[PDB]
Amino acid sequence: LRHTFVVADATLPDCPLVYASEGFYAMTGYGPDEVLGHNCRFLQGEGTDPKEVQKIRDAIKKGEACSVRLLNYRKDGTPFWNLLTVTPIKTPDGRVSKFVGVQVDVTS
């Protein structure tokens, strides 16, 4: 099934995206110049459920995995439903270094 993939740097305080797959840029309409070095939340908009945004904010603080269903918006403003799974990548000393994300457009 079609999916996209990003990597966030958890050594920086606000988890900026440091790598994105070609499908991520193609699905959202943003280019690497507007994606790299930024937190993923720019994809959110009016109808994004803050209860689910909270679930990811908390899971990132606690360094746990998480899977939420988020209303996101393309660059041209049109919406799409984003099934998002965030996975923590730890160093051998237990510290979280990166977060990785699989995003599926589940608008069907």
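Residue positions are given as counts along the sequence shown, with the first one as 1.
Look at the C-alpha B-factors of 70 to 78 and of 57 to 65. On average they run higher in 57 to 65.
Of the residues listed, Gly29, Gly37, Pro32, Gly45, the entry assigns the biggest Cα temperature factor to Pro32. The deposited CA B-factor of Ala8 belongs to the lowest third of values across its chain. Residue-level temperature factors show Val100 in the middle third of its chain, judged at the C-alpha atom.
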